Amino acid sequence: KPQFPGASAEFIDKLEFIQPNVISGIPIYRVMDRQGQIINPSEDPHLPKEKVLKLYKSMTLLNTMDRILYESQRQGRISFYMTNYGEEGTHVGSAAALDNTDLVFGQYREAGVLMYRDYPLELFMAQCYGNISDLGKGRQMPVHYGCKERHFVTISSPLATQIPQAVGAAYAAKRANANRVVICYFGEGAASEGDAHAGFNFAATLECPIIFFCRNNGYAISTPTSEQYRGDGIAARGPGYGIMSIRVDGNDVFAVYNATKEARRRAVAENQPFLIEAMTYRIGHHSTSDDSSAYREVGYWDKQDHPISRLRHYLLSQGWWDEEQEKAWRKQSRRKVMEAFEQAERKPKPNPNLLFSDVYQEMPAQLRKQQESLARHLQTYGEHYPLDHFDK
């Protein structure tokens, strides 16, 4: 009976404000409990042993690398780092549910997606050291990874900018009849930026095959979620845009996998966006620039509810792992990370001429004049520059 174009609804003859349901919000999908036990058999994906061992080995290898590179930062060996502690399940559970060629846009606390896609340790290292092996040519801050071969778009610092970009890549995929999905990761803090409202709405109106994957780890640097929003987290925003949405236990690699697998299948078939909010807890500091004890419970999470521990218990059930395997893999991982670390530290940095290329595809003549001016400068004053560990 109402005729207004902007909504489809009935009249109501009594004044009633709509109250948000925040106290009992959208429920948290779980597949296994904290002891690694399957709760509802009909939900178990029954992934094969080799794939579940890959989930486990990818998480723990990332954790090994994080410990080493966090210490290297503390020693001044690299300028910056950011760990993935407590969130390795969200990374690896979702990556495993994607096609190899699905395109990924991230935030910065995603490295497990690359690890699952077999990104070499040498290349994670090369980017953190800015050495000659870095395909990013040493130009970005550490942890700003990217890989064209593995369809992982280079990370940039400005939060949430990748959200509407991921939507555009997904529109282009739709047109290309790619049968590919784009996934876009961001944190609950970044979700406050205007570009999240842009991307969420554009994906719905333009009918794009995209998964928005929000990691809600309770903090954005020092800011707890009670100061970040007052609705029922990020999941409750999706339906307001017309987006199918779900909330999952981010410390449960099977719940994350099941949700991403189903969102991927439906987004690619239906050309519609899906939103997954994975609840988790940021166990580590925000970054090497943050001492989190200045504003916060961490040991509850680390000891009582961790994705690596939870999956270890599951393995230890199927009889697929044991203490001997655990020790041998801990040793082998550490060795592999240390081999890459040693190599990375002994590589030179790229030629300083590389500060001028790729600004435009072709260096403008005026930019080439500046390059030449640096080359002349270094000829005269080079003793005053750290030329000795730069290439050429």
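Residue numbers run from 1 along the displayed sequence.
Annotation: residue 319 does not belong to the positions left without coordinates in a third of the other compared entries; each one with flanking residues models it. Per the records, residue 301 is among the residues left out by at least a third of the other compared entries, whereas the shown structure includes it. The stretch of deposited sequence separating residue 296 from residue 297 contains 1 to 3 residues lacking coordinates in this entry. The question of which stretch, 285-293 or 215-223, has the higher mean Cα B factor is settled in favour of 285-293. Two stretches are in play, 104-112 and 76-84, and the higher mean C-alpha B-factor belongs to 76-84. Between the residues 329, 29, 360, 356, the entry's highest C-alpha temperature factor is the one at 329.
Taking the PDB entry at face value, the top CA B factor among 265, 306, 144, 151 belongs to 306. Among the modelled residues of its chain, residue 91 has a C-alpha B-factor that falls in the lowest third, as given in the PDB entry. Ranked against the other modelled residues of its chain, the C-alpha B-factor of residue 181 as given in the entry falls in the middle third. When the modelled residues of the chain are ordered by C-alpha B-factor, residue 325 sits in the highest third. The deposited CA B-factor of residue 313 belongs to the highest third of values across its chain. When the modelled residues of the chain are ordered by their C-alpha B factor, residue 39 lands in the highest third.
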